[PDB]
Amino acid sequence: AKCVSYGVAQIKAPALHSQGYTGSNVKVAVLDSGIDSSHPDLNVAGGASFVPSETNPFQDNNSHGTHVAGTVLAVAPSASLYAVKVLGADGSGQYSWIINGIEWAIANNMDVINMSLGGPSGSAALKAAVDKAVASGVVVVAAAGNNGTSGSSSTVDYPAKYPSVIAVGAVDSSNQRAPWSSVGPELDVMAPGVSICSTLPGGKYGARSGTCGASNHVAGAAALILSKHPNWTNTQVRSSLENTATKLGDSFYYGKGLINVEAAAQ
């Protein structure tokens, strides 16, 4: 049956919707496994594929990008989503493919990049691509990773680990950190990511857990902010989110805490 992320209410997106801000004319790139644009509840304004063997960005063989799409749209119902396919049906993608998707997004004047994905290896190529995006005025959001804790050392994945990216970790409905949510200095903010009910290919819906899911909410929130303030730079959108977050626990585990888009939007 149809369902919506409980995270929408928890980040206070309805307060923006009722004010007339639903993400209209804000372009959001979903760098993922594609987006099933058949889904009766999704709208896709465009896209492109950088997976060599899967050249249709509008057919989601994994289901992950479709789930991202639905969570983003649930937060920002009127946002223009673009399916930048950088992962295969197996949920894996080479850094070089991801970089082409990032470059594509910049060249098509995307306002927001969501990357609900991560890898353990660093890359100067991947760092230069996300930095270039940020220097271009793009708000870049990424899942912190599902690696849990390792004492006092960082478990945040790339690209989320880079300073220029908004690294998003996961909470449940209680604002309690998910046990598997990655941690470290590079963690910026949290958002709902436990059993986030969203869209799946074939007109289906389902609950999934991960920082992947948390990142989706923040990317939607950025679009709402740019909805109300189309004049704000990415610097400014990121500031509001970080400075108006609801403090939860220690910043190594919770960053600045839960995003509050209503507070961010004023």
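Note that residue numbering follows the sequence shown and begins at 1.
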*Averaged over C-alpha atoms, is the B-factor higher for 65-73 or for 36-44 in this PDB entry?*
36-44
*Averaged over C-alpha atoms, is the B-factor higher for 5-13 or for 18-26 in this PDB entry?*
18-26
*asked:* Per the entry's Cα B factor values, which of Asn146, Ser136, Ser150, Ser96 stands out as the maximum?
replied: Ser150
_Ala222 by Cα B-factor - lowest, middle or highest third of the modelled chain_ = middle
*Which third, lowest, middle or highest, does the CA B-factor of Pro185 fall in along this chain?*
middle
*Just say lowest, middle or highest third for the CA B-factor of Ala178 relative to the other modelled residues in its chain.*
middle
*Split the chain's modelled residues into thirds by Cα B-factor; is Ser116 in the lowest, middle or highest one?*
highest
*In terms of the chain's CA B-factor thirds, is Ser49 lowest, middle or highest?*
lowest
